[PDB]
Amino acid sequence: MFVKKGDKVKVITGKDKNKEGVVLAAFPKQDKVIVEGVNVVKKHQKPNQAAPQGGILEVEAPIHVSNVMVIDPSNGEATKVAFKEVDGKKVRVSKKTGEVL
RNA sequence: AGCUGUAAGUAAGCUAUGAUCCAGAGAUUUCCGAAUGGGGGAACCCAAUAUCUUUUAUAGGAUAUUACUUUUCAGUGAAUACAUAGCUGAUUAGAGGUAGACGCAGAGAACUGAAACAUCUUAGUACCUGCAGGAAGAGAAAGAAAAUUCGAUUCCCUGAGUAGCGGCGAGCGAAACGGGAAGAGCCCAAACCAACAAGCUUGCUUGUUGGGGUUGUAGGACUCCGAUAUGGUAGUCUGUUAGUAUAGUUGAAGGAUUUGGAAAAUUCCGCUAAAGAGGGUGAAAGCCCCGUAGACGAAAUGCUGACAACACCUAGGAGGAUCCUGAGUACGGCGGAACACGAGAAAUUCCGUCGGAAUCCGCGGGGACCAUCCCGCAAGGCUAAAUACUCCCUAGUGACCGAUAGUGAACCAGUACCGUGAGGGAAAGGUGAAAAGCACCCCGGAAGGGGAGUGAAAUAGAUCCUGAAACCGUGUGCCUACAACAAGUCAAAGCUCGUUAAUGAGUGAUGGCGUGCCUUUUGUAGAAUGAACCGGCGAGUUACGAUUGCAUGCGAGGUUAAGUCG
RNA sequence: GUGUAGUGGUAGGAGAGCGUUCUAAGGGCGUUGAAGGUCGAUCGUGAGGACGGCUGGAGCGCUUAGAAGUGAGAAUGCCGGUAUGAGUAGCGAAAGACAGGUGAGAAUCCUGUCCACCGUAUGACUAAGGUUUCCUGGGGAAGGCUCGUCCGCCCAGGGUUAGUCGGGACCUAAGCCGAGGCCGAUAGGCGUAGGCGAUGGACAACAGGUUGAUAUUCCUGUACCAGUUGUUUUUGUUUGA
RNA sequence: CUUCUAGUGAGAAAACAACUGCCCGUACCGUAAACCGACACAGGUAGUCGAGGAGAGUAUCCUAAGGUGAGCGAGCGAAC
RNA sequence: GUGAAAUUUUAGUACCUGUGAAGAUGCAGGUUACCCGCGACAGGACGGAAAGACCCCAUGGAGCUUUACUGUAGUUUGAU
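Numbering (the deposited numbering), first residue to last: 1 to 101.
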């Protein structure tokens, strides 16, 4: 998975190159994860309890993890995350000159 | 680090004090069902006895036990005295299922071939029933042989389509030798020796224990001396270790440009590999993701080794006076079966009935029977491996299928449905990358539709990828109301066009000529026979033998098989 | 080159070729559009092959060799779809008319009036058998031999009360099962004791009212059967209790 | 069920009062559109009740209580 | 208003005397005939439904008879 709920992210593929954001929800069990301002979709909502009207809304849609990097925050780039045996947990450890997340 | 199945939704919550999830050990398990207290139309009803409960008590509630048969033991018992049925109580084990497979037996067909059919074959097969095991059955020579011998059993190659059998017809069909896989041998009865019991014949007979002994070069008992060792295991659920099966952990290297909605595509310039097998991501990735090559890992449970400890088993030499060496057995007649062998000149092996041997100077066999010779010792048991199968689990592979194929069944299928019953048995997969699954207006009761929107694409709108043919429609360029047309082809005026650019395309007034297609038949338009039309499936193949042509490698030579490493 | 010669044909023999799927190596094409579909006035002696226009949107060609579930117009073939007959035959015995409702819509639904049919039954109660069809409120896509606002249809909610009634906690007939037992290649066959088995025997409740649906069940009133407790009246278990 | 003895074997009758009484079936159709016949079918379905006038009568004709008007019609008024 | 069926090689489906597998809508030579329907009849399409029930064959079946062949359940007789 290598991606948690709150974890900034770069997008590599799919009409949102280079655009970053914050992961909101994590769906493992189908490998989908939704971010902010990357997958805007227009929903023809019908008049409902919520939103008595029927506006055209704009929310985000899931993206497959093969389109998502992780972030440095110590530095600010993308790292093909590796794992290290730091003290008795496995804290993710960046590649590309040794960061610690 | 998210979670409360399929499955949208809302309400309720859980979770870094480590959920949900994975793996190993445990706990609870309603009612029927061999069904087992009795009864029964299965998933129901009604009991007995003890203990404890609710109400003043009656009814009500829960717990435990109570079937049949046999194997051991007590008691009771009595036609009949003594004790034997019997009864009572306690105790031991059984009883049903199947993996539609493999094994061993009991019982056991017809169509079919013989161009008919009686002996024969199809066949000791199909089906029924009993009895098991992870394998079973066979197994330690009364053998095979025939000089010169070999020494348990099973399985495979070759012997060989040979010797044989057969209304000598259709057909059935071995075995030893030789080459290989795996190897392995043990335990009793008897004669004798002791202790206990009985008849104590007080003769020594019976019995039970324990000891002694297991064979063809005949062995043992029995007598006499040595030793009292030396080698073994096909036993333990006893420990100690090592490995492995069931959850896992780690795991290398990329950017930019052009087309796109989206790059893994294209063009530059880089990097990694004990890792270029595979699967996935908005099209086709060695460098995004899951992985692969490597390296590490078990608290619990199971298996397999190894060595410990315990259990069990096993001794020489010499003598030959007497004793032992499996009885209604071997074998004979009779009637049937089994051996390739159908009574045949018929040995060998079984079954039913009757007759009935010897005891080592003895017995069986060498395909009727006799003689010499040679090889063995039946009428008592046990025994791993090499062999056959796959309901099930794990990991893989395929010049195997791709929704009329492949299982009957890719989907909630042995279901829907049919038959009282046993039983018979279908059709049905595909939106897009992501539901973003069409807010809002308009006609319309609704269904349905038209704009506007989502979308790269709505002729991808839920009957949802592509979307052929029969069949049903709309528009139009050319012809048709004096005409007898297997429906065409050859000839041809006019009218409208303008192509893969060439002695062009469409239609067609009028003339010439002309009795469909298939099969079967001496002969077809036949009034002989088949097709309603379109689509899909739907027929000389494979294994083992034999023979001839072509070709290739060696040639008076050719050539391996089973089997072992791979 | 050039001469000579031959070239109908069923059963059948011989020879050479076209095309489909897959495997192997080499070389290729593809979002700047592959397979598949449609149209075209093109090429070779044949089976057959190219090229271009439109649709369509993810994989396929070419060469050499190999292996086959390799070629379809007929089996009164098998499966699906659609025709002809044809808007034809039929619409499954029996009498309706009007007014007003209801509603987008009416001969076919509701209401009213007159008429008419059966009446040892086309009326009332029960045993089988069916298995929620019963009642209340909604709906009109499919069933209804037409129509349909309606329904035995679809959706949602809700209805079946027992000491006395029928059966069990009672008895047995035909029949069946049958501890022991008697027979039989296995399987099993038959049967004693004992049981199971209503169509039969035996046995304690009547009238009226109540709902949208239940009524010897609910309610009212008057009873009955068999038992249990509490104060209310005769003693040797011998048995005169 | 009624009796009689063999029989284990305090002292039970009846006052009245007050209580206890288990499981299963109960809707609906039932000479029918709800069962048996593939059907909303001119067939089949055991038992009880089953009225009036005449009339021997459950026969026949019209009728009471009670139920039904049947699931395609409107025209014309030829052959057959 | 609703709405089938058996059948069906494609059909622009005339009459006579011939001819022919020996009785023709379709061949030959002649005669009659404008195109499309609607209600009736049943001469023909060797008309439709049942791959002849009559007859022969298959070295085909099945059921039955007997002094056809071969056997056998059953009844009886003798030895043991």
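Ideal Cβ positions, reconstructed from N, Cα and C, are used throughout, including at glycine.
Residues that residue i bridges to, as DSSP identifies them
i, result
"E20", "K10"
"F83", "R92"
Same chain, Cβ closer than 6 Å to residue i, neighbours up to 5 away in sequence not counted
i, result
"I34", "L24, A25, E60 and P62"
N- and C-terminal bounds of the beta strand (DSSP E) containing residue i
i, result
"residue 116", "One cannot answer for residue 116 here, as it falls past the ends of the chain, which runs 1 to 101."
"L57", "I56 to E60"
"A78", "First-last for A78: undefined, no H or E at that position."
"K43", "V40 to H44"
DSSP-derived helix/strand/coil call for residue i
i, result
"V68", "strand"
"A26", "strand"
"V3", "coil"
Pair within 8 Å by beta-carbon distance, residue i and residue j
i, j, result
"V11", "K4", "no"
"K96", "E77", "yes"
"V93", "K80", "no"
"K15", "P73", "no"
Proximity test, residue i beta-carbon vs the ligand NAD heavy atom, cut-off 7 Å
i, result
"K80", "With respect to small molecules bound, the structure shown includes none, and the ligand NAD cannot be examined in it."
Residues of its chain near residue i, where Cβ-Cβ distance is below 7 Å and the 5 sequence neighbours each way are ignored
i, result
"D31", "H64 and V65"
"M1", "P28"
"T13", "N67"
Cut-off 8 Å between Cβ atoms - residues of its own chain near residue i, not counting five sequence neighbours on either side
i, result
"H44", "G54 and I56"
"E58", "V40, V41, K42 and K43"
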